[PDB]
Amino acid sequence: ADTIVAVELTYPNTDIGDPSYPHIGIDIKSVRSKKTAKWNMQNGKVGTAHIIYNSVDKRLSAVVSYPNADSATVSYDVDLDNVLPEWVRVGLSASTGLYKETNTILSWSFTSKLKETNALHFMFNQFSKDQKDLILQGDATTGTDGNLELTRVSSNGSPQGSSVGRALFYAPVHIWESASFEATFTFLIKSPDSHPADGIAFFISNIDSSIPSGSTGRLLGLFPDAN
């Protein structure tokens, strides 16, 4: 199977370890986050996510926030060095199940540095209908109002259940030789209920990664099961 490392953001699946509230988390080869923190989600408002990892501290951190609101942050010690392969791909993933929400990405940026220093950086502030430097998987689409819609949305912007989609940057990224990065994304999660599902995530995986069979809902397009 695939090797995944992710920062996840919406629906509590307590039977699989989640806490009773919306949670922010760090996933290392399992959907059962190694660490989490309370995320006071705001339906229909634009959020920001910041992820950073430095090879010095060997620590992955994430912060999510809304204008004039307190942010949530989670940190976790881990040597990517021993978890992921040398080359990887970076992407955004999201899903819905019985419940849903829009999983709109308004922007996405990324920087990798491997110190003769080698680097990669990309900035997406608008998304085009034919974004060739993105690899869309599943239900993801680009174009609508220049946004990236990870899961299925209707003509009127109404979301749909049982949907899963990812978007991976076309070029592979070198993250280790024996190595820092930063990621940022702006999102819009919106639901007509008051129990959105299932969340969004930034992830790093093997270059050939793809959505696992059946990974909608709680599995967030990332994991084949819940172990």
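In case it trips you up, residue 1 is the first one in the sequence shown, and so on.
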Review point. Per the entry, how many residues of the deposited chain go unmodelled between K132 and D133: none, 1 to 3, 4 to 9, or 10 or more?
Key: none
**Study point:** Sequence continuity check, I24 and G25 (deposited residues unmodelled)
**Key:** none
Check your understanding: Between 165 to 173 and 49 to 57, which has the higher average C-alpha B-factor in the PDB entry?
Key -> 49 to 57
Check your understanding: On average, which has the higher Cα B-factor in the deposited entry, 59 to 67 or 40 to 48?
Key -> 40 to 48
Check your understanding: From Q137, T104, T117, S109, can you pick the one with the highest C-alpha B factor in the entry?
Key -> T117
Revision key, fill the gap. Temperature factor at the Cα of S93, chain-ranked in thirds, falls in the lowest
Check your understanding: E86: which third of its chain by C-alpha temperature factor?
Key -> middle
Study note, to complete from the structure: Sorting the chain's modelled residues by C-alpha B-factor and splitting them into thirds places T142 in the highest
Check your understanding: So where's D79 on the chain's Cα temperature factor ranking, which third?
Key -> highest
Check your understanding: Among the modelled residues of its chain, does the C-alpha B-factor of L150 lie in the lowest, middle or highest third?
Key -> middle
